[PDB]
Amino acid sequence: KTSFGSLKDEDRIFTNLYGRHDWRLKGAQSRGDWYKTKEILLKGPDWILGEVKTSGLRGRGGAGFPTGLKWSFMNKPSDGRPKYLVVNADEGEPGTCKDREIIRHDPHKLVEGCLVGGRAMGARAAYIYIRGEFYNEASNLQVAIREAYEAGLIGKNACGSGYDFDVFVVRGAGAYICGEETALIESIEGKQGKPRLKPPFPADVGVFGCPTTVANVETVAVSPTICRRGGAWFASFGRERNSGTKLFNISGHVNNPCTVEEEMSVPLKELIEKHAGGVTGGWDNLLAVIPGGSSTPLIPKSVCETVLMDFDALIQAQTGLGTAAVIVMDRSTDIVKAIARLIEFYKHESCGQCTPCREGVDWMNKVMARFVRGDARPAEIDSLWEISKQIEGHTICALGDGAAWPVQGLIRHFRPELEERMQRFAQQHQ
Amino acid sequence: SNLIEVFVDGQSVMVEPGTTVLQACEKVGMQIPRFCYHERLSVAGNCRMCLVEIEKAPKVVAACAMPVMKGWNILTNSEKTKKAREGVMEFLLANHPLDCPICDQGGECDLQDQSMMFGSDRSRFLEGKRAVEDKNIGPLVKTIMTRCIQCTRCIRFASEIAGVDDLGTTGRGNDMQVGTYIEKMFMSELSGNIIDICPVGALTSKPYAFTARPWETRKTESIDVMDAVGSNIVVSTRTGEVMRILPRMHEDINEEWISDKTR
Amino acid sequence: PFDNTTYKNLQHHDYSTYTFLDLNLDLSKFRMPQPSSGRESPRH
Amino acid sequence: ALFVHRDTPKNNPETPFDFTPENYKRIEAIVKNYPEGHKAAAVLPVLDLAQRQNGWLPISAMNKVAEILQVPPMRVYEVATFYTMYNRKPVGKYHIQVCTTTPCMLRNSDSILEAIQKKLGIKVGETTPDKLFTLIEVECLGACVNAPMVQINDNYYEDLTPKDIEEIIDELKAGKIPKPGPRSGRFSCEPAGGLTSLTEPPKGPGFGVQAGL
Ligand SMILES: NC(=O)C1=CN([C@@H]2O[C@H](COP(=O)(O)OP(=O)(O)OC[C@H]3O[C@@H](n4cnc5c(N)ncnc54)[C@H](O)[C@@H]3O)[C@@H](O)[C@H]2O)C=CC1
Ligand SMILES: Cc1cc2nc3c(=O)[nH]c(=O)nc-3n(C[C@H](O)[C@H](O)[C@H](O)COP(=O)(O)O)c2cc1C
Ligand code: SF4
Ligand code: SF4
Ligand code: SF4
Ligand code: FES
Ligand code: FES
Ligand SMILES: [K+]
């Protein structure tokens, strides 16, 4: 298989993505959810971890770590501490609105994912750390969890398997940083959402100091479909090391901004011109695309023509796949205003723990605020580049990286527009 | 013995498992720079001044928090270790106030000294600096929170050694502030020791304020008599007048702290 | 019958400000007994 | 916008706060979601519960959450000042939150911020004099394909125009509660000109299930 995309509706994992079917238990059981869950759980942890490792599932949260290799870190004998699957439903990334759709429209798929993943990792309970802004989605998921407790699908003797497993929902309180897994762990523990340093990875010391795996809503909700359909079925999509399907959020300057489930290595132009109705003003009106939400660097129109929407082809396009949140920016966009508003987001959403993010993201926001007006001299472009390189890899979590990278992409692909901004400032003010 | 072998700049050293990178470099006589690490407080890892290159690793590690794995070669003086130190010192000094003449910490400032030893000689910060509202935590500790570099030694001392739980961080990002959030008075029997471990002049001694300056003081090593603990102290004088009383480290008595009556 | 034309998720139009917490209170009877660390708090 | 507390006569440690008894049963249900010995993990819900009863957080709700969870009060003040939802000043009855990050800015959130400002006669951060509307300007709310959008107290109002948000403020001032949805033709997040996917009926239970299961 050399061409990708054009995913059929029989291959969709997230049927009822759009809210057109019943999200409750009667609607979910007639779409395939909770089918033979007892038979999956009674095949033990090793079979489920083998199905996830065989599927080539990489972490849908945005980093793309191998999910079965990640979840096998819990597969070890206990030492008195309980074990916890913690589901990352925070989703603070600008551009990203897919986990909201999973929680709002396919909640039992997430609950069965919690059960299957927690059985795979020996977890006692599931904390679904949901965004506090998603109040309707959290009450929606709580109604589904009540339907799962009353059907005997979770809790004491889950699905008739003799495995006891609770599913808790924890609401956030308005922090983007509480999507990061250790800061999310600190936020569940009743503290400020400040990221822990690594090591200890959360499989050693996680929530309450227990063994813990934090996993995205999307990489959890696909796991019972992987265990039913087979790992080879999931691995038959996308390129190699880029297996499966993916939810995409096309937003910004397209005709039809939408969430859509697509095969992994689909071209960006095919995705936009098929599911989004194209760029406003046609494809020739395209200026730039932030491929995967705010933390990934932008790519210009010449790179968007041939690139594939998986992890490896976007790393080769010197950006990241990220959360697969495609923000489209047409030729009428002030791109420095957009990237500076993005860096303004990153300084309003930065917890303040370590020095390079706490100081340098505010200092990058001040430099970007002068760059929008042109109130600068061109030697401050390169300086800002080095400022980004002083934040990148020097911080605790990757929010410092996620604030350095849009600056780097903007400079790398749009230095002359910055320079002409500054020189027209210099000629109209001096 | 189950000692693992690590390397500091190629020099082999046998360390106990669980030892951090900073302690392994301490064992060869190298002192990694630090602001939030303190050997009598818990590990914070939030100033990033101790970032050091492990070779064949494309990312510096917080040496105060990272444990040594067997076979690491800690490059305490490689080029990217020094670039990390200069970058982190640049961010520490970006919003820091130009108060070095009017600051009691001047001459005995960790921030000044390892700005001289490990950071750049000049500035690229062409912006306006933040200014933090001061706090009132008592008659012993003068509080000038613009000088704060958010190392949280306040909070770890007050929580872990003094056992008080009144200091904390409010806010988020660059607007994050250290304080009690209310008009509350931090009066422990060990409250003046936060003057010692604050690396900057954000917490200073209100009785000692402005009177002396560290290079001109003479340091007489002596004994506390305010109790029968027998704390080891430095009576620092100047021209025949007692200026202040600092602690001496004695591991078996007063580890490096003194009481407020002693101070 | 099959229907793909309406939006079936109309429940959240009727949620109040205590919907989540009353649902958690309803769920409290179903749950497994919590583990204990052996002390009342880390300050005990 | 400050992160130190100054005792005013309406915000002081003797401002009357106490939970209702049904809120105490809700707090018992919250604390039972966490292991014994980690009651402090219930700081964030219970404090938010204190905001859902009182509308905002004086510093006696913080002290009550610190007292009934046996945590120090500074550990509650850190949570209350870290997280952007805890209102440490009394907001109006409808707390309008306009998202102005880049996916909502590219679909003209500035027009709707301006329309709310010229409908309410206030600007960002102010409250209307009848204490009904507090207009602030927030970051990404996770409704990016439904740009531009706002949030009112629990609800997302999506795919907005200036006329739509004027109509929403009209039927908020009339006492009614509007529908939390996209004000365009679509329902939740689908492509607006018809479905580009999922047009088939779902296959049902047992489709594609591998052998040996
Ligand atoms: N989904 C969203 O809303 C957002 C997603 N992101 C994305 O998140 C990514 C950055 O997140 P991080 O978690 O910091 O990335 P990555 O450095 O940490 O690690 C990914 C996952 O693998 C695990 N892991 C990695 N190495 C491990 C090891 N040796 N042992 C055990 N576990 C290991 C980590 O615990 C983590 O859960 C970026 O790609 C960014 O685009 C960023 C912001 C928002
Ligand atoms: C600042 C920051 C915010 C993050 N926010 C989220 C998030 O909101 N949701 C999410 O699933 N992952 C988020 N992540 C990625 C997590 O660290 C982690 O990789 C993920 O939640 C779980 O791993 P997974 O991809 O295997 O599911 C964030 C990372 C960082 C650095
Ligand atoms: S880099 Fe920013 S987001 Fe990460 S621990 Fe530091 S202050 Fe927090
Ligand atoms: S704390 Fe140190 S660097 Fe800051 S003003 Fe005082 S002497 Fe200067
Ligand atoms: S006042 Fe001093 S000890 Fe306290 S956090 Fe700031 S720099 Fe550290
Ligand atoms: S000393 Fe290690 S980061 Fe502060
Ligand atoms: S950008 Fe406004 S909701 Fe995400
Ligand atoms: K000091």
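Atoms within a ligand are numbered from 1 in the order they appear, just like the ligands themselves. Below, chain A is the first sequence line, B the second, and so on; all start at residue 1. As a basis for the values below, the full set of heavy atoms in this structure was taken, side chains included, without hydrogen atoms, waters or symmetry mates.
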Should A:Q408 and A:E392 count as side-chain neighbours, where that means a heavy-atom distance under 4.5 Å?
yes

Atom 10 (C) of ligand 1: closest protein heavy atom, distance to 0.1 Å, is A:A398 CB, 3.8 Å

Is the closest heavy atom of D:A143 to ligand 7 under 4.0 Å?
yes

Distance alone, cut at 3.5 Å: any donor-acceptor contact between the side chains of A:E101 and A:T259?
no

Winner among A:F65, A:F73, A:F201 once heavy atoms are compared against atom 21 (C) of ligand 1:
A:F65

Between D:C140 and A:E349, is any pair of side-chain heavy atoms under 4.5 Å apart?
no

Below the 3.5 angstrom mark, is there an N/O of A:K70, backbone or side chain, next to an N/O of ligand 1?
yes

Nearest protein heavy atom with distance in Å, relative to atom 39 (O) of ligand 1
A:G62 O, 2.6 Å

Student check: side-chain heavy atoms of B:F210 and B:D104 closer than 4.5 Å
yes

Note: ligand 7 atoms sitting under 4.0 Å from heavy atoms of D:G142 are 3 (S), 4 (Fe)

Looking only at protein heavy atoms, what sits closest to atom 44 (C) of ligand 1 is A:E93 OE1, 3.2 Å

Angle subtended at the K ion (ligand 8) by O of B:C198 and O of B:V200, to 10 degrees?
70°

Any side-chain donor paired with an acceptor under 3.5 Å for D:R183 and D:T161?
no

Side chains of A:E91 and A:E137: does their closest heavy-atom pair fall under 4.5 Å?
no

Does A:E180 approach ligand 1 within less than 4.0 angstrom via side chain, backbone, both or neither, non-hydrogen atoms only?
neither

Taking atom 2 (Fe) of ligand 7 as the vertex, what is the angle from SG of D:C99 to SG of D:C104, given to 10 degrees?
110°

The answer for which part of A:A63 has a heavy atom under 4.0 Å from ligand 1 is both

Close side-chain approach of D:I112 and D:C104, heavy atoms under 4.5 Å:
no

Think A:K98 forms a cation-pi with A:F14, using NZ or CZ under 6.0 Å from the six-ring centre and within 45 degrees of its axis?
no

Has B:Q105 got an N, O or S atom lying less than 3.4 Å from the K ion (ligand 8)?
yes

Beyond-backbone contact of A:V87 with A:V217, side-chain heavy atoms, under 4.5 angstrom:
yes

What residue and heavy atom of the protein are closest to atom 1 (S) of ligand 7, and at what distance?
D:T101 OG1, 2.7 Å

Taking atom 13 (O) of ligand 1 as the point of reference, which of A:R131, A:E91, A:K198 owns the nearest heavy atom?
A:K198

Between B:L203 atom O and B:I195 atom O, the angle centred on the K ion (ligand 8) rounds (to 10°) to 90°

Protein heavy atom under 4.0 angstrom of atom 17 (O) of ligand 1, is there one?
no

Residue part near ligand 1, for A:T96, under 4.0 Å between non-hydrogen atoms
neither

Min over A:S295, A:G179, A:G61, A:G320 of heavy-atom distance to atom 2 (C) of ligand 1 lands on A:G61

Can you tell me if, anywhere in D:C144, an N/O/S atom lies at a distance from atom 2 (Fe) of ligand 7 that is smaller than 2.8 Å?
no

Check whether any side-chain heavy atom of A:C97 lies under 4.5 Å from a side-chain heavy atom of D:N146, and answer yes or no.
no

By number and element, which atoms of ligand 7 are closer than 4.0 Å to a non-hydrogen atom of D:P103?
1 (S)

What protein heavy atom lies closest to atom 35 (O) of ligand 1? Include the residue and the distance to one decimal.
A:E181 OE2, 2.3 Å

With a cut-off of 4.0 Å, which atoms of ligand 7 are near a heavy atom of D:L141?
3 (S), 4 (Fe)

Would you indicate whether the side-chain heavy atoms of A:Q353 and A:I396 approach each other to under 4.5 Å?
yes

May I ask you to decide whether B:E108 forms a salt bridge with B:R244, counting only side-chain N to carboxylate O separations under 4.0 Å?
yes

Closest non-hydrogen atom pair, A:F73 against A:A203
CB-CB, 4.0 Å

